[PDB]
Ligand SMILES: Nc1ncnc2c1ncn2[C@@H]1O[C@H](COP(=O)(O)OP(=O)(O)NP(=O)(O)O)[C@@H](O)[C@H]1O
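Shown below, as structure tokens, is a lone chain in the form solved without this ligand; questions about how it binds or moves come after it.
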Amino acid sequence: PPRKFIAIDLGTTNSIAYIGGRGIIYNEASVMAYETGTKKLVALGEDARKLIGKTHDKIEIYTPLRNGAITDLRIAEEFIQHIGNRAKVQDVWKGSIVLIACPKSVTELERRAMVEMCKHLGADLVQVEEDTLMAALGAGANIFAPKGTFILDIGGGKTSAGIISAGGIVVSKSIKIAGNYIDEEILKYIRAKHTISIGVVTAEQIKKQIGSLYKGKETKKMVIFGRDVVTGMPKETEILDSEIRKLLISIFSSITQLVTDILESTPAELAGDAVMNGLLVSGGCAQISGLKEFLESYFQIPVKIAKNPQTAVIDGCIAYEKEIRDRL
């Protein structure tokens, strides 16, 4: 009987967990809530993230991962244990093979601590890899070839970019300008320009429905509702795709600067791959309309949007099961 394979994409806003033979058992916010002063779990994932607004006083909300940052290693273990509890199987960790994908900001100390933590839970083997390496494999890139792979992952709380060659990361950097920032900046733009406060969900909907980085085949506008800034009264206004496009382009100056920084670090041996093969784009924001065209216009290299951008990291972990088992 083979050892169970467990993959955890720690993620930047949501975590995703996969168990061999079960599939993906967790995919939502990296948040948990307890009755105050206890470890009595009242909500996990989305059910807990909702309450961040005004939590019931007899309830404490914990955020083990804030934009991909580990807030506390003991709190991170609680969260990992809650994920494994989803399997509803006694001793899910015993003798298992565990792969954890994490942002590069997770220090070597924290990665080694998570290895000891999972081994203490019962794992036979624990391996920690960077999310950009797994995202490229999940999105369909041959990360094991000596050819240069150039990856950009726009998630919820981090945007990362890197160069991959021969199964490993050659260089990678990350910034804080990502999906959550974009939603909040849409909110702030509409408050300043239309004197109405919208909720985060309306901001996300604006992004999805009419947001773009490049002038497409359809001109759209949108009716939205929010709180009038002066009076507080519910108020309606129309938002044009052109003003949101201008806003998104301004935000993405940070993301094109990140790609420029990575491209400026390309070794001479891989420069041809950058020019001829170009960029692969994954993450939740990879589906912003016109992103391919916007990036191709700026960098004059090919850009490819991943087929599975929302799940590239965990899909790569799932594909990486063979490599771990093979090399064993």
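Note that the rigid core is defined as the largest set of C-alphas that superpose within 1.5 Å between two forms. A residue's number is simply how far along the shown sequence it sits, counting from 1.
As for the form deposited with this ligand bound, it is not shown, yet the points below apply to it.
Site accessibility, blocked: after C-alpha superposition of the site, this ligand as positioned in the bound PDB entry shows three or more atoms within 2.4 Å of the backbone or C-beta atoms of the displayed chain. Comparing 206 to 214, 161 to 169, 110 to 118, 232 to 240 against this ligand in the bound PDB entry, the single stretch with non-hydrogen atoms within 4.5 angstroms of it is 206 to 214. Contact check for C285: a heavy atom falls within 4.5 Å of this ligand in the bound PDB entry.
Contact check for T202: every heavy atom lies farther than 4.5 Å from this ligand in the bound PDB entry. Although the partner is absent from this view, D183 contacts this ligand in the bound PDB entry, with a non-hydrogen atom inside 4.5 angstroms.
Shown alone here, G148 lies farther than 4.5 Å from this ligand in the bound PDB entry, counting heavy atoms only. Just a single entry of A33, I288, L279, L270 exceeds or equals a 2 Å CA shift between this form and the one not shown, which is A33 (rigid core superposed). When the rigid core is held fixed, the Cα atom of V223 travels 2 angstroms or more between this form and the one not shown.
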